[PDB]
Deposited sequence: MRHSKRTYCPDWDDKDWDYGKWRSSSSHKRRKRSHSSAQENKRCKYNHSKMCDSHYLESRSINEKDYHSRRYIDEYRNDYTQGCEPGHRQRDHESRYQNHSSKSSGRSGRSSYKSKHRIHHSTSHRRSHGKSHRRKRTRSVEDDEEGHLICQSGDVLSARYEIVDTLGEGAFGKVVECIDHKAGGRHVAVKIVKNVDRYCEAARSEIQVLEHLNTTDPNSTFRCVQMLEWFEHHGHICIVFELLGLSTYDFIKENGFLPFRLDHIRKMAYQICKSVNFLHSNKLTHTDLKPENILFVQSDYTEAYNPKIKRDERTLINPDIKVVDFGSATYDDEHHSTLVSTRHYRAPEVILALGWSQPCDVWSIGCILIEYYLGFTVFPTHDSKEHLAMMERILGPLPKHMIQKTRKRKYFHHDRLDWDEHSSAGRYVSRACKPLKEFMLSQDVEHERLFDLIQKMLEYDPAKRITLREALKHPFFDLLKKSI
């Protein structure tokens, strides 16, 4: 909320540029003048209470992981400190590279080479499973929350070092806590249908993330609940009967079916740009297919019967990493 370059925060950090913006506010690269000049990333949070207590939660999550895993072994972003600055909350992070979304974005939305996807997939899975081990759900996993450590590339840009870290913990919730409904192009189905969530909804996102690394685009491109539900079914097949029945938000559930118009102009938009999952493959080579096996397991409709990351890390697709 209106900052600028060359500025100084809390008499220590000097803004050099802006790494990105969001509804919460922004992230800037600074020079830390009281730590020898190290570049760091600083998250300045708009002074709206909604974002202010998200930030406060985030700080306690970040402090938990940071003490439990001070080595960043499990690759969750490291918080260096926080402060207040004219009513704005500021969180200081280790400085990292581009988002995976941003990197793809500036590469013509070319996808990642499968061997890079594998190492990325492994680290995300391993990192979030850590959160999962500690009674935490991220709820907000997306390609934009996964950043390369160094995002240098050769060039059709080829990424040098696919090492990543997992970042935004504003939304992360403990099991010991009340389970929200916030708002998003990667929400699990047990989330849209207001049926309760927990660790298995992180796994859903990871599936969606891995389709995107593979194709270079998303396959659930709509911030509309109905459109999404229909996309889900064209790609993954029929929604389980029981979930449709035991849903509080039983608005678009007519005669126990999805009350969507396959016949409407908007319907054709859903059909014209979505096919069954396995039709998205671009090779039928063995390792392409191990991957889609994993993705299909991750995209199981029933969170109760959905693969866990503890399992996912043992899947065939990762064998070459061993």
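Counting the deposited sequence from 1, the stretches lacking C-alpha coordinates are 1-148, 304-312, 341-342, 482-484.
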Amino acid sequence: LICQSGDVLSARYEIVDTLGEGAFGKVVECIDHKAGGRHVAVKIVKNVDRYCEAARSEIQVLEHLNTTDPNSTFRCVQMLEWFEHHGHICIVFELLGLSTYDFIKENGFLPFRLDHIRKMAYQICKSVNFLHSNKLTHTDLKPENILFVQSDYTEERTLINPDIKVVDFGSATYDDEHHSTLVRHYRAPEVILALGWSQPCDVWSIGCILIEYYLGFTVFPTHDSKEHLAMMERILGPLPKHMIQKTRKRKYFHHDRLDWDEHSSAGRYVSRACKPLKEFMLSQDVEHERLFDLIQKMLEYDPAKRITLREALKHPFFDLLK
From here on, numbers count along this sequence of modelled residues.
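Per the PDB record, of the two stretches 118-126 and 241-249, 241-249 carries the greater mean B-factor over its C-alpha atoms.
For the two regions 226-234 and 163-171, the entry's Cα B-factors average higher over 226-234. Residue set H138, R184, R75, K105: peak C-alpha B-factor at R184 (per PDB entry). The residue among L210, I91, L147, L193 whose C-alpha atom has the highest B-factor in the PDB entry is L193.
When the modelled residues of the chain are ordered by their C-alpha B factor, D32 lands in the lowest third. In the deposited entry, the Cα temperature factor of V8 places it in the lowest third of its chain's modelled residues. Ranked by C-alpha B-factor against the other modelled residues of its chain, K46 falls in the lowest third.
Per the deposited record, the Cα B-factor of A304 falls in the highest third when ranked against the other modelled residues of its chain. The PDB entry assigns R113 a C-alpha temperature factor belonging to the middle third of its chain's modelled residues.
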